[PDB]
Protein chains: 2
Amino acid sequence: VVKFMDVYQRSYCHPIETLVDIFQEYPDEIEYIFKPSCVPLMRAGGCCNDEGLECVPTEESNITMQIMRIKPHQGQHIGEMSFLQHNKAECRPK
Amino acid sequence: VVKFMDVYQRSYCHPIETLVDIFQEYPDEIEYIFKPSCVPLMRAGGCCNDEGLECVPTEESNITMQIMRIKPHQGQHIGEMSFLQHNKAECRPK
């Protein structure tokens, strides 16, 4: 059984590795097929224990990954894509 | 720049630490109060890069944690709660 102090600390609002579907970040590119179709990004997660607060990113930056992009019957290429990352996260008023 | 192959394998379907709101896990106990309000759980995540496959849990099990809970009109007592975890996850034919 996990100790309360662990549960409490771990579950607390922090940037956590999150698998994000590429379409969420590049919705204009829906007719394309991405390989892989999701990228691992550090995003604000966890809960606050103050009700009136909510976990929100406070320091952002972009990261670049090589992604295969495919257009059915027209082309394919492996190129770089920028994704939004959360370098810092903290609880704040709603 | 993260290399194509590293991104590809880092996001392919597998159990990944996921912050799960406790209210969600226990639809009944909504009047209850929990702290922390969410727990860190291993859950299937990521993508299959194949239209015929979906990412699903394949070997589950419960994990127990100490949660300071407050059943309305009672005290604020630590308690052991069981949460569903995903030990193994793989792409399986949709």
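These numbers come from the heavy atoms of this one structure, side chains and all, not from hydrogens, waters or symmetry mates. Letters A, B, ... are given to chains in the order of the sequence lines, protein chains preceding strands, and every chain is numbered from 1.
Atom CD of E51(A) is surrounded by 12 or fewer heavy atoms from other residues, nucleotides or ligands within 6.0 Å. More than 12 heavy-atom neighbours from other residues, nucleotides or ligands sit within 6.0 angstrom of CD on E31(B). Taking a 6.0 Å sphere around CD of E59(B), one finds it holds more than 12 heavy atoms contributed by other residues, nucleotides or ligands. Applying the 6.0 Å contact sphere to CE of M5(B) captures more than 12 heavy atoms from other residues, nucleotides or ligands.
Cluster annotation: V7(B) is connected to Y32(A) through the hydrophobic network of ILVMFWY side chains, with a link wherever side-chain heavy atoms come within less than 4.5 Å. Linking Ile, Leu, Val, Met, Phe, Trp and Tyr whenever their side-chain heavy atoms come within less than 4.5 Å puts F34(B) and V2(A) in one cluster. Under the 4.5 Å side-chain contact rule for hydrophobic residues, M65(B) and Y26(B) share a cluster.
Residues of residues 11-22 of chain B that come within less than 4.5 angstrom of chain A, heavy atom to heavy atom, are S11(B), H14(B), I16(B), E17(B), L19(B) in numerical order. Of all residues in residues 77-94 of chain B, those placing a non-hydrogen atom less than 4.5 angstrom from a non-hydrogen atom of chain A are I78(B), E80(B).
Taking the salt bridge (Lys or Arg N to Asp or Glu O under 4.0 Å) definition, one finds that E60(A) meets it with nothing, sequence neighbours left out. Partners of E29(A) according to the salt bridge (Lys or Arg N to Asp or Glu O under 4.0 Å) rule, which considers only residues two or more places apart in sequence or in another chain, are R69(A).
Residue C38(B) comes nearest to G46(A) through the heavy atom pair SG-C, 3.8 Å, listed as atom of the first residue, atom of the second, then distance.
Note that CG of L41(A) is 9.0 Å distant from CZ of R10(B), once rounded to the nearest 0.5 Å. Annotation: the span from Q66(A) atom CD to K3(B) atom NZ amounts to 8.5 Å, rounded to 0.5 Å.
Of the listed residues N49(B), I63(B), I67(B), the one with more heavy-atom pairs under 4.5 angstrom with chain A than any other is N49(B).
Looking at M68(A), both its backbone and its side chain come within 4.5 Å of chain B, counting heavy atoms on both sides.
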